[PDB]
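Only one structure is covered here, and it is reproduced in the block below.
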Amino acid sequence: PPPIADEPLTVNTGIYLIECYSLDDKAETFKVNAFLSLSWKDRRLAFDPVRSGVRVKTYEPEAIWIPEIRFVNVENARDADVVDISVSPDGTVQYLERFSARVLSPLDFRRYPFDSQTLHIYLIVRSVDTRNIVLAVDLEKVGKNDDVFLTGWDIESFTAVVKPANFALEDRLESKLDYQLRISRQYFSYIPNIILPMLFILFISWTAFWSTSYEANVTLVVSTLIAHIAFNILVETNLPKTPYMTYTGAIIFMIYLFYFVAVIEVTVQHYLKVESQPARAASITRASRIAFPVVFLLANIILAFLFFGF
Amino acid sequence: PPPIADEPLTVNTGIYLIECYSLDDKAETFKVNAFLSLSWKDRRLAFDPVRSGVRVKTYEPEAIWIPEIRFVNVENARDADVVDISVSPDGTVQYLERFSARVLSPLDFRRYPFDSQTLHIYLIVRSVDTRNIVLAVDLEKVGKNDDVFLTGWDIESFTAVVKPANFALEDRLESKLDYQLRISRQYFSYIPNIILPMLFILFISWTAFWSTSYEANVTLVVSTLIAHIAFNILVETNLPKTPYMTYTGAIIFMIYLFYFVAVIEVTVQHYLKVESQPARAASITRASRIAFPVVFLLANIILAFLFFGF
Amino acid sequence: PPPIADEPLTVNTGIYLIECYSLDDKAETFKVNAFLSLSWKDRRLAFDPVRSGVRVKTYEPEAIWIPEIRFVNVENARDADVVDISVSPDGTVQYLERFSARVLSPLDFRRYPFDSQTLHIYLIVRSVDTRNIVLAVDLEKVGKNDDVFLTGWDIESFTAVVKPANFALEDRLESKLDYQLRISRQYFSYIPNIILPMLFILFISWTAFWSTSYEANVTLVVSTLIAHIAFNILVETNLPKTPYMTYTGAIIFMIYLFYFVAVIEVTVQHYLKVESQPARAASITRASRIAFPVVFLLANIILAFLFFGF
Amino acid sequence: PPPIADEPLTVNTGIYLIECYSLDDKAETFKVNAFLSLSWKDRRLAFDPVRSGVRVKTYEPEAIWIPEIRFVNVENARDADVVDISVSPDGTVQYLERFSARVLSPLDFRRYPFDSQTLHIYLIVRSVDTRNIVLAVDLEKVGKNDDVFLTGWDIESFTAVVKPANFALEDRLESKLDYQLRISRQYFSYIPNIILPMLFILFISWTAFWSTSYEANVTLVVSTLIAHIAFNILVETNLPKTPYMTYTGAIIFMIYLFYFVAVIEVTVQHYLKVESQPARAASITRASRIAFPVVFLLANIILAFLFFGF
Amino acid sequence: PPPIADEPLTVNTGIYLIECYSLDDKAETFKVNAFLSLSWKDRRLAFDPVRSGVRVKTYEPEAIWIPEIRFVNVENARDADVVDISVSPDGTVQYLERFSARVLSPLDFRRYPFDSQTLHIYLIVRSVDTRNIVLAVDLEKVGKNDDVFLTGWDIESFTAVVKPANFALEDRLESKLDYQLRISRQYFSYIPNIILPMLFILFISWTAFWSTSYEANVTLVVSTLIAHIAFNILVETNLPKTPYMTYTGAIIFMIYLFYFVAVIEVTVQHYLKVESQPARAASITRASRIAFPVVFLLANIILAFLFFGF
Ligand SMILES: [Sb+3]
């Protein structure tokens, strides 16, 4: 039983993030618990302040006509309990609920460990025989406590796109709003545990330049390459199957190379030292002690810049 | 209280994918949230446009007779909320819901990392004392936003099989429809992280051809073989127990061999170099430096072609 | 309000497997979705065909008296929706529901990778002041689509034990039926990934017979034993704590030995080659090159036969 | 509307285990499905046998006053369906339900792989204005089929503590009962898979006593120590964070030591064999070939006895 | 229908922990099952003791007006069943429920294995046209059995913040309370399994100071470094992505270094022993046998103190 308007009835929206959590990078989802504030002139139940009762009359959802506000990008039926329904005299209804639903916002891992994200909550609403436009009321949209959590992410700002997008979806215009959660990752735990340790092995790898023992130069370059995989695997796991290239997926791959050519070298510092030509061998090995680290620091300044600087 | 027809009452269906996600390869399932659009002539509640009310009359599900449309291949009771029920004058009912259920579609890992899939949604409907045929209305079946997600898969097309299949299931014909979601995997993250790294170790493995040290030739071929298993395990994990052979399950197995005979060789470059016959040894070892890589690139072109080319 | 019989009211049962899946070996459970067909003479609501209405009258569950059919071996309250209730003239009721419940059938891993299983569904029913016998109607018991899934198992036959077992449970006879799902495992993925690779290492292990280097004979027999554990671990994991012996638990254990005595040998090919008695050492080592593989192929023919052949 | 007694109304309880399963060692819980039998004199609905109806009158739960019997140690609301309610003439009510709830009983891993447990089910009941004492009726308490499962545990006996404990909990005495499930673990799968394999490596470890190669003595003692961890990890995983010491946690830790001092020795059989004093070295190494295995079998008889013998 | 007060109606709260469990460090949540006790003067249903019925009148929730007490930091709708509602004469209502909900309290891993935590439960309550203040009644707040579990944590005290915090949230003051659960971890299983074993390898690592074999000095320092990662990985897994530094994340990282410079040394005890200057080499190697262990015990006393002592 919808409110007999004379034009498209506006519905005023607003989300108050109460909790944020379980941002699942693999899954590309996160869970939010928050307030949903709605309002509208249903002149149909205006009510003679003085003439009866009091300032504002409290209804149960069965009584009033209420607008169906479905969240767009959610796994399941949004799981909300109702808090208060308070109809003003002029027929103005005041609705508040407290949902908890896991949202399906996408993320851009193009800078992986050093990436900033922009999450989305949605809210369409289909029309019947009056048109429905939704729109935000910014006093119930300052939704974000001073407690918003979201483990391992710094949260930058909860804001929203004022102008809705109105579709025509199956011979009935709907109206969709865009609630925006900006977050930067707390890269860091990534250095002491991945970036650094992954670098350290790479160096030890090429300790085997100042060495002439093939036995201990493979027991060297090779023993480390193994352990690199154990990082490539560690990382490739807590991350999804991107169709593009990660930053750390780059430097983690660019690494693979400086092990191959490391191995190349020790390998040939030998079919060139057993070929009685240690003239050369100890010339090459002497060289790699510079070639490698430089082209690395060079290729990192090349790579690094290729991702952030552009 | 079903609609007194004069023949098999047609029910018009239609799914609008709103969300796609959590495609579980191990499980052979995926979760979808989407619109379900139904319609039918229940001439029984036709209604004198002019004579009363308005263009179309809105009912609650309790009032009207509504067709039971169960999804066939679903783990649990499909989890749907109703959106709108709008009966036209001629007795034509307009139904719309927004379900979220995890579907059990099978997948063919015969090309694993480079595989395209065709997912299914179903919708039977049992007859009572009128027969029920279901069928698709293609304006509520363009179901797929420009946001359909499905992480790590490119989505090719959401379409459907117009002609239903009508069974006789327990002395009551049912009618089943076939909704088709075509997807190709975003192979790629598979290279920098599996294909390539898995190749690199194989090479270093057989660096130990240009070597005469047994100590460092096993510390070589063997140290890498280990690391191969650590890939075979990595891969065998995020994949199910196929009764057939995978592509990467092939090349990952074909790999096992070039390590065995690598080991064979270094092993015999020794009971043949200690047997004072380095004549031969340094003949064999010299050979494997070609035999191996070739028979590999050969067996890959043989294998690769055996899977894609046929 | 139960049907006033003159003797034990028979209830006619019948299950139509619609879906099978998530057979959990560790858990010893599996999930099934399927039809449950019941029937009984409640002469109490017979109904004058001609005199009123039609052929058969449709009731809702609240109206009729319906027999409580609880599934015996289930984790939780069986999760079923009702499909149709159709009372015949003579007072014969026709009931059909579509449950989805996870069953707790035990399995016998005595042949692990090569094992056939017999799963169970149950259905007791307690008596009140008439006795209740249950029994199967085999036209609603041909329950098994041509789609029954059950990943990684071949399904042999869904059948049922006609003669129920009638208990006396707490001063009230109940009646239990036995629905049987026979399945064989798709052993196979077990070879290319476990059986074979697990064998291959065992062989390389004892390459160190044709070797005199202790350094590379331990770097040999030992480096493989490690990798065996990595299989014993892989397998012991996707399997439960049996109080008896598995097949593969056998050959996986029998394996442990041929590494110990392998190690024994290389170990003594040395305190016997450094003791200037290479007379003996190169006699023993020469021997093991036969002793081992034979006693293995022998102990496998012994073991294998001890499990399947008996 | 509770029964107007003249003293504390006794309620007669009784549990019939139908199923047992998913005993979760990490979680310290297990799931049970079983019958719950209750009874009491509600003289208030006594009923003139001859004067009307029959022997016993069947009620629905809404009609009668029924005692709230909550299970004490359960994760969630016990999940039960009702089976039969049968009021005797003298006002004696006969109640039966069939719940399935996961119980939170603690376990004592002090003898881990060889441990016997005693599980608990509870049943309090709060008083109102008559006091409620609960108590067991041992004919509905022989609850345990000849099918009770509980994978990987032998089940010894389902019994119960006749005398309830009556509390005063918040100005209202409650009454709690103690249902006891005694189980012994099927240790065994623990030997062929853990105990034994974990021993075998320890031996090979100290094959490196009959060796003089440091290269192959570390490639020895060390290669095995790794593999021990892989057991310590395997075990530490399918087990909780005990504040006390396990048996196998002991012997698994006592093991760590015989590797350290093994390493200590090989290590010093060298800074003592390169120090031209092979006099000593080959005296120590000669010794450890007895010292170790003995002090182990000794420290095991010491340890083993310290756990079971006391 | 809320109670016509003359000022802000106080609601008296109180939680009785019945169960605690599944504290998820990664997730930063834990599950609790407990009593929730509420009360308030609804003078509106005062009731003439003598004049009718008895001492106190029992209602069902539909009858009375009951305050909506939502838990603040919870994943989902708190899952509670009602136990008793008992209105006193003066209009004083007595409410009791038994909820089971998983709470989202944060944790501070800054001392990881040796850390004490303070968990939170919340309970807001929104006002309508009377204001609502909540507040604790400490006789239903002694909530904690002598059975509170919480595996692997010692539980210190369940207490609560008497003075609520009253917000203005969306033109309606709410009132929030703070229930505090203090727990210390049972560090320990962390030693025999992590701390110790992680140390032991580090030592063996630098056995390779009393060695001159490069072959067995890399087969030494390197073989252990690998095994360290296998701890860094073990630990990094059962812990979340902190934006700060852990204790064990420190010492686990500080460890990485003493392997690098260990490797540095053995590496240079060689390009300095092959450079015919064993003068120096056996001077350095001689040194590291003190430098290392000291700077470690020093850097641990430095580190350890940097975390606990400050
Ligand atoms: Sb190794």
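Here the Cβ is made from the backbone with ideal geometry for all residues, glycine too, and neighbour counts use every protein chain on show. FYI, it's all coordinate maths here, none of it is from the lab.
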**Item:** residue C:27-residue E:304 pseudo-label distance in nm [points 7 Å out on the Cα-to-Cβ vector]
**Value:** 4.6 nm
**Request:** Name the residues whose placed amide hydrogens come within less than 5 Å of the amide hydrogen of residue D:169, ignoring near sequence neighbours (fewer than 5 apart) on the same chain.
**Result:** D:174
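From the cross-link list A:26/B:26; C:26/D:141; E:31/E:144; C:31/D:141; C:141/D:31; D:31/D:144, which pairs have alpha carbons spaced over 21 Å apart? Could you put the intermediate results ahead of the total?
Working: A:26/B:26 15 Å; C:26/D:141 30 Å; E:31/E:144 14 Å; C:31/D:141 30 Å; C:141/D:31 30 Å; D:31/D:144 14 Å.
In this structure, C:26/D:141; C:31/D:141; C:141/D:31 lie more than 21 Å apart at Cα.
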**Request:** Give the Rg (one decimal place) followed by the Dmax (whole number) of the stretch D:5-103, computed from C-alpha coordinates and expressed in Å.
**Result:** 16.5, 60
**Message:** Under the convention of a label 7 Å out along Cα→Cβ, give the distances in nm from residue E:191 to the same position in every other copy, shortest first.
**Reply:** 3.3, 3.3, 5.2, 5.3
**Message:** Looking at the calculated P(r) for the stretch E:190-310, what percent of the C-alpha pair distances fall above 19 Å?
**Reply:** 52 percent
**Exam field: residue D:135 pseudo-label spacings to other copies (7 Å along Cα-Cβ), nanometres** = 4.4, 4.6, 7.3, 7.4
**Request:** Find out how many positive minus negative residues lie around residue E:154, taking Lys and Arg as positive, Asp and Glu as negative, among other residues whose Cβ is under 10 Å from that of residue E:154.
**Result:** +1
**For the stretch C:123-216: span of alpha carbons on each principal axis (Å, largest first)** = 85, 36, 16
**Prompt:** When averaged across all projection directions, what area in nm² does the alpha-carbon convex hull of the stretch C:223-272 cover?
**Reply:** 4.0 nm²
**Message:** Quick check: convex hull of the Cα atoms in the stretch D:1-53, volume per residue, rounded to a whole Å³?
**Reply:** 154 Å³
**Message:** Output needed: percent of Cα pairs per 5 Å distance bin for the stretch C:136-189, bins running from 0 to the one holding the longest distance.
**Reply:** 4, 16, 19, 16, 14, 12, 9, 7, 2, 1, 0
**Request:** Hey, could you grab the Kirkwood Rh for the stretch B:250-310? Inverse mean 1/r over distinct alpha carbon pairs, Å, one decimal.
**Result:** 12.8 Å
**Prompt:** When Rg is the radius of gyration of the Cα atoms in the stretch D:75-178 and Rh is its Kirkwood radius, what does Rg/Rh come to?
**Reply:** 1.01
**Prompt:** Between copies, how far does the label point of residue C:55 sit from its twins, in nm, shortest first, when each point is 7 Å from Cα along Cα→Cβ?
**Reply:** 4.1, 4.2, 6.5, 6.6
**Request:** Pull up the cross-link candidates among the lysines for residue D:57, meaning alpha carbon to alpha carbon under 16 Å and not fewer than 8 places away within one chain.
**Result:** D:41
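Above 24 Å lies some portion of the pair distances; for chain E, what is it as a whole percent of all C-alpha pairs? Don't skip to the end; give the middle numbers.
Numbers: 31454 of 47895 pairs.
So the portion of pairs separated by more than 24 Å is 66 percent.
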**Average beta carbon contacts from partner chains per residue of A:71-77, 10 Å cutoff** = 6
**Request:** Summarise the partner chain shielding of E:243-249 as one whole number: the mean count of Cβ atoms from other chains within 10 Å of each residue's Cβ.
**Result:** 3
**Complete:** Expected integer from the mean partner chain Cβ neighbour count at 10 Å over E:170-183 is 2
**Complete:** The chain D residue whose Cβ lies closest to the rotation axis carrying chain D onto chain A, with that distance rounded to whole Å, is D:215, 5
**Asked** Relative contact order, percent, of the stretch C:158-310 when contacts are C-alpha pairs under 8 Å separated by at least 6 residues?
**Response** 19 percent
**Message:** I need two numbers for the protein assembly as shown: Rg to one decimal and Dmax as a whole number, Cα atoms only, in Å.
**Reply:** 37.1, 121
**Request:** Report, by chain and number, residues whose modeled amide H sits under 5 Å from the one on residue B:29, excluding near sequence neighbours (fewer than 5 apart, same chain).
**Result:** B:24
**Prompt:** Helix E:196-205 sits at what angle to the longest principal axis of chain E, using alpha carbons and giving 0 to 90 degrees rounded to 10?
**Reply:** 20 degrees
**Prompt:** Listed highest first by mean packing, meaning other Cβ atoms within 10 Å per residue, what order do E:145-151, A:53-59, C:26-32 come in?
**Reply:** C:26-32, E:145-151, A:53-59
**Complete:** For chain E, the longest principal axis of the Cα atoms and the Cα long axis of helix E:248-268 enclose an angle in degrees, to the nearest 10, of 10 degrees
**Prompt:** Sorted from largest down, what three extents in whole angstroms do the Cα atoms of the stretch E:56-117 have along their principal axes?
**Reply:** 53, 22, 16
**Request:** Return the sequence-ordered ³J(HN,Hα) values of the stretch A:141-153 in whole Hz as given by the Karplus equation 6.51 cos²θ - 1.76 cosθ + 1.60 applied to θ = phi - 60°, using x for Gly and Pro.
**Result:** 10, 6, x, 3, 6, 9, 10, 2, 9, 6, 3, x, 10
**Request:** Give the distance, in whole Å, between the Cα centre of the stretch D:1-56 and the Cα centre of the stretch B:166-227.
**Result:** 58 Å
**Message:** At 7 Å along Cα-to-Cβ for each site, give me the label-to-label distance between residue A:43 and residue D:203 in nm.
**Reply:** 9.5 nm
**Item:** Amide proton proximity set for residue C:16, modelled H, under 5 Å, gap of 5+
**Value:** C:35, C:36, C:37
**Complete:** In whole Hz, the Karplus estimates of ³J(HN,Hα) for the stretch A:97-105 (6.51, -1.76, 1.60; θ = phi - 60°; x where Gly or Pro) are 10, 9, 6, 8, 9, 8, 8, 10, 8
**Item:** Dipole magnitude of chain B about its Cα centre (Cβ charges: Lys, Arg +1; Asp, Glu -1), debye to nearest 20
**Value:** 940 debye
